Amino acid sequence: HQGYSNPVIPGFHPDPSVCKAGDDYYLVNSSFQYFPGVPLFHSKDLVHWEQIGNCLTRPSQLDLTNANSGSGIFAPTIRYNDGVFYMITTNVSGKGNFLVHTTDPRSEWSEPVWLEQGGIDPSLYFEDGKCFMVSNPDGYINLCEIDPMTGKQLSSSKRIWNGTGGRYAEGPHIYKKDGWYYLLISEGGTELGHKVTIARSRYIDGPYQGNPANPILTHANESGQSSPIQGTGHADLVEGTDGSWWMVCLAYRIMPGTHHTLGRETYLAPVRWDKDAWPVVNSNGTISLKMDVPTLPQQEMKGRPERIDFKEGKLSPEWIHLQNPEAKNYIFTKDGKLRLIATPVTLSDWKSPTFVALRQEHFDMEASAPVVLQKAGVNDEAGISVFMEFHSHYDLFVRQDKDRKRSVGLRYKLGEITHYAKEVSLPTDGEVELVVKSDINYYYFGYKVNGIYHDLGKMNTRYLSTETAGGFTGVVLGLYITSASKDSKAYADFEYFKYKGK
Ligand SMILES: OC[C@@H]1O/C(=N\O)[C@H](O)[C@H]1O
């Protein structure tokens with residue numbers, strides 16, 4: 001009933017949108033180049049969230065050809081109306097705006113319903129048996145009516161607002177309260193200038209008048225400059241079960257030199273919203289890591305296991321691939337290991353490698369996995385990659401050398417640099433466990449064989465940040481295999497994946 005920590009969903013979980021279905025809450029994030037797309041969460045208290053799945057789970061729903069950290073799936077919105085869940089988003093690597101729907105969030109969602117109105121950050125609002133769509137073509141918030149089942153546009157598009165004057169007006173959502181249509185948007189861009197602004201009108205099609213107190217949430221001003229959280233924005237308003245008001249929003253945690261590697265994460269703020277009043281977010285339009293505020297009655301949810309095993313023969317919803325995966329290269333063995341089949345595709349090829357990953361969700365963490373490389377030709381490799389983008393990733397691996405010898409290598413890919421930090425000869429018997437640790441300053445790398453851990457050294461975190469590497473995503477930790485030899489049938493088995501955050 002009192003207090004929680006932010007972020008409520010750590011690591012790469014940007015552009016949160018939430019809906020209330022009775023006493024249940026469901027939340028979606030943008031996923032960019034990753035498959036499956038649009039992670040889908042469930043909560044009873046807005047604080048604790050369980051990933052129950054992903055909205056885009058089949059190739060027919062999600063074409064990621066040539067997608068990267070700056071393309072693919074952008075901000076999604078989730079809405080619940082009359083027993084139907086709708087998820088509306090943009091695929092910028094494909095045909096643009098669309099939605100999918102379902103009556104059961106845990107089931108397979110529909111095929112895409114492609115939409116006419118352009119721009120990005122589409123969102124839906126329902127009233128009087130009608131479905132209204134907003135998005136942001138040419139920087140203007142546009143409104144139209146749609147049939148959400150057929151995707152047919154039923155009214156002409158109208159420009160309803162263009163924000164307070166701040167840059168990159170996006171994330172529009174309409175709500176109705178106290179006889180006003182409230183239009184909430186993001187301005188300022190998704191870096192340090194991020195802010196949430198709100199306008200209202202007696203008519204859904206305007207004219208909209210801005211809140212004199214805008215912005216309603218931002219760390220861009222003097223009041224936020226010292227905060228370890230920056231870039232607060234892309235909010236979605238939601239009602240508590242007790243009639244209180246809340247918002248989910250994105251933000252990030254800054255690192256030295258103004259860097260962030262954990263992506264934009266999902267944050268929660270309380271909102272005061274009196275009858276006939278404008279909303280005020282957490283008193284002064286800021287949020288904190290420790291939120292000492294009343295909450296809905298709290299219920300803990302299932303999280304990521306400290307040791308993930310593959311005995312069940314199914315990866316949980318948390319696991320993500322680069323672009324559209326070659327599904328036959330990920331298999332589960334008789335003794336319950338993850339088996340990854342090699343292809344020649346490296347992690348720098350801008351195509352889908354045999355690569356599957358979990359988001360890094362803590363500054364201080366340790367992750368590890370045993371690696372059993374088999375049927376390998378010379379220079380075939382398998383291991384763990386600390387991955388931001390095809391041009392920005394640190395790779396720790398077991399490599400097949402000549403004469404049945406093997407080694408552990410550590411390779412840093414940064415633009416035109418491909419730097420071999422270490423190449424260490426292995427003992428011919430002994431299962432190798434590869435180990436990646438981190439703190440806010442460095443990744444540390446090592447390996448364990450025959451009960452002895454060996455340090456392979458460290459590398460700065462800043463080179464994998466969004467500020468350095470570009471794009472819209474966060475660091476992921478991936479298991480991978482790449483062949484580089486004539487006619488290779490190499491594969492590698494991974495018995496578990498350990499992840500523990502401090
Ligand atoms: O990518 C175009 C805009 O740039 C931004 N921030 O820098 C906004 O979030 C995008 O809408």
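The first residue of the sequence shown is numbered 1, and numbering continues consecutively from there. As the structure lists them, so they are numbered: ligands from 1, and atoms in each ligand from 1. Just so it is clear, the values below take in all heavy atoms, side chains as well, and ignore hydrogens, waters and symmetry mates.
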My understanding is that we take every heavy atom of each candidate and find the minimum distance to atom 8 (C) of ligand 1. Doing that for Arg264, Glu170, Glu187, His234, which one comes out nearest?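 Checking each option, the heavy atom nearest atom 8 (C) of ligand 1 is found in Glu170.
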Check each heavy atom of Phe472 against ligand 1 and say whether those closer than 4.0 Å belong to the side chain, the backbone, both or neither.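 Side chain only; the backbone of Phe472 stays clear of ligand 1.
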Indicate, as side chain, backbone, both or neither, the part of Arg167 found under 4.0 angstrom from ligand 1 when only non-hydrogen atoms are considered.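 It is neither part, as no heavy atom is under 4.0 Å.
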Over 60° means perpendicular and under 30° means parallel, so tell me whether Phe445 and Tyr394 are parallel, tilted or perpendicular.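 Perpendicular, since the angle between the ring planes exceeds 60°.
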Return the orientation label for the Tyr182 and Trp278 ring planes: parallel under 30°, perpendicular over 60°, tilted otherwise.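 Answer is perpendicular, since the angle exceeds 60°.
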Test: salt bridge (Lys or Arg N to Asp or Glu O under 4.0 Å). Region: residues 246-257. Which pairs qualify, not counting sequence neighbours?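 Checked against salt bridge (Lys or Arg N to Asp or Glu O under 4.0 Å) - neighbours excluded - the pairs reaching residues 246-257 are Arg253-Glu265.
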Taking 4.0 angstrom as the limit and counting only heavy atoms of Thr190, give me the atoms of ligand 1 inside it, by number and element.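 Taking each heavy atom of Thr190 in turn, ligand 1 has 6 (N), 7 (O), 9 (O) under 4.0 Å.
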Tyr463-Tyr412 aromatic ring centre distance below 6.0 Å: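 No, ring centres 6.0 Å or more apart.
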Taking both backbone and side-chain atoms of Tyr168, is any N or O found less than 3.5 Å from an N or O belonging to ligand 1?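 In fact, backbone or side chain, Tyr168 has no N or O that close.
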Is the NZ or CZ atom of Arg79 both under 6.0 Å from the centre of the six-membered ring of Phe126 and within 45° of that ring's axis?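 Because its charged atom misses either the 6.0 Å distance or the 45° angle limit, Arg79 does not stack over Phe126.
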Nearest-neighbour protein heavy atom for atom 7 (O) of ligand 1, which is reported as residue plus atom name and distance: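 Result: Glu191 OE2, 2.4 Å.
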